[PDB]
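Enquirer: Just need the structure, nothing else, for what follows:
(2 chains)
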There are 2 protein chains.
Amino acid sequence: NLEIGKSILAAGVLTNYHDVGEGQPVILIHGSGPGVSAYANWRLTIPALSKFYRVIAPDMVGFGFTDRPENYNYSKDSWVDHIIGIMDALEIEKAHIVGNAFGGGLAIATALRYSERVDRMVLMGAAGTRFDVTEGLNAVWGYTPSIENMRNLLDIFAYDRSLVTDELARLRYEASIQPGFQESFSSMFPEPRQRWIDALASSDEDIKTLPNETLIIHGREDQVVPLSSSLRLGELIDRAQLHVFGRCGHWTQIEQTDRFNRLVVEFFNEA
Amino acid sequence: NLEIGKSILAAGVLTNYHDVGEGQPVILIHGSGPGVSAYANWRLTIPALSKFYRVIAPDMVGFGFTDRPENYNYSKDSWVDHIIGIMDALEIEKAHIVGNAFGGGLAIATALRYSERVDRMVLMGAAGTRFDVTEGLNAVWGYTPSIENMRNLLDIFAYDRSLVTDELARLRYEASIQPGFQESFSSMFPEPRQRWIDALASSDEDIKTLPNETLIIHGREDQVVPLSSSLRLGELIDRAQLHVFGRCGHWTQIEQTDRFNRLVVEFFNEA
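Expert: Numbers count the residues shown, from 1 in each chain, chains lettered A, B, ... in the order given. Shown next is the structure:
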């Protein structure tokens, strides 16, 4: 199983992670969803970035193959603690961070609590602002296992539905039912879900204080996180650039892979 | 005077233009403003692009050193005729087009009337949609010569006012008072100026028909053409990407030169 990488104790949690490349460190933080993991999210990104950077992609607690602590309290602050714990464990004093959706919210939160530990940030279809719950988001967080339910989620994520094959739906469904996966995931964002979007968000006031060079990326047709949210981030963060991909859904790293990889590498190259 | 380049008859008008590089043709269309010319607008762009493309940058009729025909009727359609005439004169059957503001409006209009002659488009702080007249735009089109009036226009264009030096204001003022320059410019967009923004614009319906891969660029702080206009273009054009530069005014090719050049070259490289 390629989703299984290396193991390390971080913030007291046995963590599954991938570490490829050499040089300036870049932390990739995956999004949220049933069966999501660092590999599933970044398999097409790591190869490109690792040619110029040291790429670290961990499975956040509660997701992938990282340990799922008994009675663990899933929260924005605890997830930020995990990210910092991973960096500490690997002696990563400062790093660039790429956060996808849920992970984008965590990236912002990490940069706010540990500003000196974060250099440049790439926020993709990122959580981080309070936006009204969408049916797409409620469908993802409210997922229960079935190939049809997974097919719907994939449809929700994709701009080009022809990419949603029976095989992909089957494989992602299987990933979602691995031991303890659905259990931890379903316990994370129970109804009403607006509470969790708000909990993952950072205040306008705090976001405005971010000094980091930031690249905000969003798919025009994103059905999960509205484009308006990234437009808002683009107005709040001072040293920000906004790049919107037309004909692109919620996972820009998959549907606009080459463009995304090029933009990210060049953005970090400036540093 | 480096603003003076080569001369060629195009659409019956003796035209001043620059032609550098080899390979795929790229037409650069400058913006509008007192003393504006192709060289003044693209001096920092041509060098970078000409390394991979054949770059053609003409002075649009009524601007720069191109002939100013007596009783000439300055209009969107006549300017489009000039662009096509330039391409015809140089045996350029199809080309990518980069349009800055006023030039962006012309690029859209050219792609609509001569779709087969246009490949990819880059629209910067582009005219093309009907946006409410801004004080910045009225100040530019309503300019009368003076170093102080030019200093104000430069301030209006720049995000970083420290770039507006006495020397630059002096040099641009001198360019604005060359024989016939202010005369033709002031005759172009007389009050009420909303009429001309509307005349340069293309309908939502027409814009939606554009099949071209398009890159829309805008400076967040643009005081001349509102960011909202490019956001609108980003929703209307199907194969579009929107890139907004924070800490950037109306002339992105000057204040975000390296980033702009990199984005444009890579965008054309995809073709």
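Enquirer: Would you mind naming the residues that bridge with residue A:16?
Expert: Using DSSP bridges, the beta-bridge partners of residue A:16 come out as residue A:7.
Enquirer: Please apply the same query to residue A:243.
Expert: Going by DSSP bridges, residue A:243 forms beta bridges with residue A:217, residue B:243.
Enquirer: what about it, neighbour count?
Expert: For residue A:243, the neighbour count with other Cβ atoms under 10 Å in any protein chain shown is 24. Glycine gets a C-beta too; all of them are placed from N, C-alpha and C.
Enquirer: Same check on residue A:168?
Expert: Residues near residue A:168, counting by other Cβ under 10 Å: 14.
Enquirer: Just give the closest residue to it, not the sequence neighbours.
Expert: Once flanking residues are discounted, residue A:168 sits nearest to residue A:154: 6.4 Å by Cβ to Cβ, 6 or more residues apart in numbering or on different chains.
Enquirer: Next one: the one you found from residue A:172, what distance?
Expert: To residue A:172, residue A:154 is 7 Å away according to Cβ to Cβ, to the nearest Å.
Enquirer: Please apply the same query to residue A:144.
Expert: 14 Å.
Enquirer: So what touches stretch A:104-119?
Expert: With Cβ atoms under 8 Å, 6 or more residues apart in numbering or on different chains as the test, stretch A:104-119 has contacts from A:29, A:31, A:60, A:76-77, A:79-80, A:83-84, A:87, A:93-99, A:121, A:123-128, A:200-202, A:206-207, A:209-212, A:271.
Enquirer: tell me which residues of stretch A:82-98 are tucked away?
Expert: With burial defined by 16 or more other Cβ atoms under 10 Å in any protein chain shown, the residues of stretch A:82-98 counted as buried are A:82, A:83, A:84, A:85, A:86, A:87, A:90, A:92, A:95, A:96, A:97, A:98.
Enquirer: and what of stretch A:166-184?
Expert: Here stretch A:166-184 shows A:169, A:172, A:173, A:175, A:176, A:181, A:182 as buried, counting by 16+ other Cβ under 10 Å.
Enquirer: circling back to that earlier point, and the helix or strand harbouring the residue nearest to residue A:168, C-alpha only, in PDB?
Expert: Assigned by DSSP states H and E, residue A:154 belongs to helix A:147-157. Taking Å, rounded to 0.1, in the frame of the first residue of the first chain, the C-alpha atoms of helix A:147-157 are listed here in PDB:
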ATOM      1  CA  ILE A 147     -19.700   3.100  -3.900                       C
ATOM      2  CA  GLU A 148     -22.600   5.400  -5.000                       C
ATOM      3  CA  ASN A 149     -22.000   7.800  -2.100                       C
ATOM      4  CA  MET A 150     -18.400   7.900  -3.000                       C
ATOM      5  CA  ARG A 151     -19.200   8.400  -6.700                       C
ATOM      6  CA  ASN A 152     -21.300  11.400  -5.700                       C
ATOM      7  CA  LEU A 153     -18.400  12.900  -3.700                       C
ATOM      8  CA  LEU A 154     -16.000  12.400  -6.600                       C
ATOM      9  CA  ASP A 155     -18.600  14.100  -8.800                       C
ATOM     10  CA  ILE A 156     -18.800  17.000  -6.300                       C
ATOM     11  CA  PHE A 157     -15.000  17.400  -6.400                       C
END
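Enquirer: Which strands or helices does that helix pack on?
Expert: Where contact means 3 or more Cβ pairs under 8 Å, 6 or more residues apart in numbering or on different chains; DSSP states H and E, helix A:147-157 is packed against helix A:135-141, helix A:166-176.
Enquirer: Of the ones you listed, which is nearest residue A:244?
Expert: helix A:135-141 (17.4 Å; Cβ to Cβ).
Enquirer: show me where the stretch 151-271 of chain A has strands.
Expert: Secondary structure of the stretch 151-271 of chain A, counting by DSSP state E, counting those that start in this stretch: strands at A:214-219, A:240-245.
Enquirer: Out of the ones you listed, which gets nearest to residue B:243?
Expert: Closest to residue B:243 of those, according to Cβ to Cβ: strand A:240-245, at 5.1 Å.
Enquirer: Please work out which residues outside the closest one touch it.
Expert: Looking at what lies outside strand A:240-245 - Cβ under 8 Å, 6+ apart - the contacts are A:214-220, A:227, A:230-231, A:233-234, A:252, A:255-256, A:259-260, A:263, A:267, B:220, B:234, B:241-246, B:259.
Enquirer: between that strand and strand A:214-219, how many degrees?
Expert: Strand A:240-245 and strand A:214-219 meet at an angle of 20 degrees, taking axes from the mean of the first three to the mean of the last three Cα atoms, to 10 degrees as the criterion.
Enquirer: For strand A:240-245, output the C-alpha coordinates as CSV.
Expert: What follows is strand A:240-245, C-alpha atoms only, in CSV (Å, rounded to 0.1, in the frame of the first residue of the first chain):
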residue,chain,number,x,y,z
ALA,A,240,-1.0,37.5,-1.5
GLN,A,241,-1.5,36.4,-5.1
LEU,A,242,-4.8,34.8,-6.1
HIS,A,243,-4.9,32.3,-9.0
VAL,A,244,-8.3,31.0,-10.1
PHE,A,245,-8.4,28.0,-12.5
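Enquirer: and that strand, how far from the chain's centre?
Expert: Remark: strand A:240-245 is offset 17 Å from the chain centroid, using Cα atoms, centre = their mean, to the nearest Å.
Enquirer: Contacts for the helix holding residue A:154, please.
Expert: When contacts are defined by Cβ under 8 Å, 6+ apart, helix A:147-157 is touched by residues A:33-34, A:136, A:139-140, A:143, A:161, A:163-164, A:166, A:168-170, A:172-173, A:176, A:223-224, A:249-251.
Enquirer: which residue sits farthest out from the middle of chain A?
Expert: For chain A, the residue at maximal distance from the C-alpha centroid (Cα atoms, centre = their mean) is residue A:166, at 24.7 Å.
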